[PDB]
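Just the one chain here, laid out as structure tokens, in the form deposited in one PDB entry.
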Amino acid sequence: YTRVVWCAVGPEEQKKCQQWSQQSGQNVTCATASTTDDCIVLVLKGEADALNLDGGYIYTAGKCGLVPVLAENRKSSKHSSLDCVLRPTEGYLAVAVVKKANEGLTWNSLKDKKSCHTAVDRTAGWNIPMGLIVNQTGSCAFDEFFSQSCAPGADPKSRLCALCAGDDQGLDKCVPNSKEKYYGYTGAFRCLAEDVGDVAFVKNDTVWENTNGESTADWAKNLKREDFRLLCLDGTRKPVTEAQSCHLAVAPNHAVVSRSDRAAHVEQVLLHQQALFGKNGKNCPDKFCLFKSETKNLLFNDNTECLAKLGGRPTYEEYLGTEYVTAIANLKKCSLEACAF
């Protein structure tokens, strides 16, 4: 009676779900879809129960009447008086990153350059950057601003995927799941790292997690923090040590959403699943760890300490915040009252 069905996006998140499933006593089983939007639809239909989402998609899902249930929490200095689950989230910092070697590249000369985005409609990788740029340009022509990009989820032979690489066998070019090589936080940063783009729109954490031997991967093991700069909105450039005074915005933590008729039931099971497989669980890191996959962020971000209860029972609008939700509306009028599905 108590069983939850997770929705996995793409073949890699599937395999990871399958393990979680088997290690759970079929307390959690799996559904798989090729895109986040398709997983949202599975959940509305009632064939899946839940998944973890970037704030940009929480805005989609919430118009269709889905609700935040538990949020991700990463390591925190302040607020250490308290327990992670009852501990307040903070929100990550969205940044624009460049090679140090590229002098002359400022927030003011981004026109006609090459760009690396997490995916279309995501907070740090899309809504923040393109919102600012529509504003400063007064045009909805965000498809003509950069010469070429990789923006997973756009038309495959527009210039917005022009830089995307697809899977081993060259298939799936710019699909929005991890088969695409430059998908998500890690892929967008790899995109700038390998000098395919001139800038990448990721979050502060991503730079740290993938420089200075912090990530054991082939493309990144020789990357070094001092080789990068952040672009600030006042036209200057700073070390990645200054993210606190040189970001584009702060962003709501990714959160697990479900259909509201299912929210209590999902919350109940997951809090128990993190007790077995979480950051200090009975069975992690012995048998299985929910918050770990090789710097991939599969199902969850790897820097997740825990899933946190929500303060005060949010609506998705309260959780996303008033500031970020007007940002999104203003952008969507470019490309008020109806589900996308």
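Only residues modelled in both forms are compared. From 1 onward, residues are counted along the sequence shown. We call the rigid core whatever largest set of C-alpha positions still superposes within 1.5 Å between the two forms.
When 81-89 is weighed against 233-241, 81-89 comes out higher, by mean CA B-factor as recorded in the entry. Stretches 269-277 and 287-295 differ in mean C-alpha B factor, with the higher average recorded for 287-295. Residues shown: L320, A327, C17, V9. Highest C-alpha temperature factor in the entry: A327. Of the candidates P129, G153, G187, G213, the deposited coordinates give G213 the top C-alpha B factor. Per the deposited record, the Cα B-factor of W208 falls in the middle third when ranked against the other modelled residues of its chain. The entry lists a Cα temperature factor for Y182 that places it in the lowest third of the chain's modelled residues. When the modelled residues of the chain are ordered by C-alpha B-factor, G166 sits in the middle third. Residue-level temperature factors show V134 in the highest third of its chain, judged at the C-alpha atom.
When the modelled residues of the chain are ordered by C-alpha B-factor, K99 sits in the middle third.
Below, we refer to the form solved in complex with a partner chain, which is not included among the displayed structures.
Heavy atoms within 4.5 Å of its partner chain in the deposited bound form map, among the stretches 289-297, 274-282, 307-315, 61-69, onto 61-69 alone. Interface residue remark: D37 is counted as part of the site for its partner chain in the deposited bound form, having a heavy atom within 4.5 Å. Although its partner chain is omitted here, in the deposited bound form none of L110, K114 and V250 has a heavy atom within 4.5 Å of it.
Superposition on the rigid core leaves 77-79 as the sole run of at least three consecutive shared residues whose Cα positions differ by 2 Å or more between this form and the one not shown.
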